[PDB]
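Colleague: Taking the deposited numbering, the leading residue of the sequence shown gets 58, the next gets one more, and so forth. Even for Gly, the Cβ is constructed at its ideal location relative to N, Cα and C.
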Amino acid sequence: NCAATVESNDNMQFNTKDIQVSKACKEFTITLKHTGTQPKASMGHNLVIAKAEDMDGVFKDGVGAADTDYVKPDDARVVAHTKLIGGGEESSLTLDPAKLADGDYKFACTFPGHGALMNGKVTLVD
Ligand SMILES: [Zn+2]
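1. Roughly how many whole angstroms lie between the Cα atoms of residue 37 and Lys108?
2. Alpha carbons only, please: which of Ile142, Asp118, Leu141, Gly143 is nearest the one belonging to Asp131?
3. Taking only the alpha-carbon atoms, compute the straight-line gap between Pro169 and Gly93 and give it to the nearest angstrom.
4. For ligand 1, list every residue whose C-beta falls under 6 Å from any of its heavy atoms, going in chain order.
5. Thinking just about the alpha-carbon of each residue, which of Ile106, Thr88, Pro96 is nearest to the one in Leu181?
6. Would the segment 71-82 and the segment 133-141 be scored as touching if the rule is three or more Cβ pairs under 8 Å?
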């Protein structure tokens, strides 16, 4: 109902490669759960939405941003993002699906190193 739940674990994996977002929604909420037991310092996960072509730059700038969820603040490339979470925690984001109509969007964890394994597509659907 204009909401989806994505899982993440101690093995550097999301449980999906595609998040479908209905453009019939005024707002869409994505909740990330961390089902592992490791702390966010060593196995932190977030969910960060940006154009495929912007994601590499978003990763690189996220490195210097550990105290802001490994996302450079005020970054126009980032449509939305959750907080960084550790084992047993959850964080949500809210976005306007209309913001995704202008490109091909991806999601990833921007915790340094995680992005190559923890990424996928964000897909507008009916
Ligand atoms: Zn992560």
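Modeller: This is what the structure gives:
1. Here the chain comprises residues numbered 58 to 183, so residue 37 is not present and cannot be evaluated.
2. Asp118
3. If I take the Cα positions, the gap works out to 18 Å.
4. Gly101, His102, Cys166, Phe168, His171, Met175
5. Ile106
6. no
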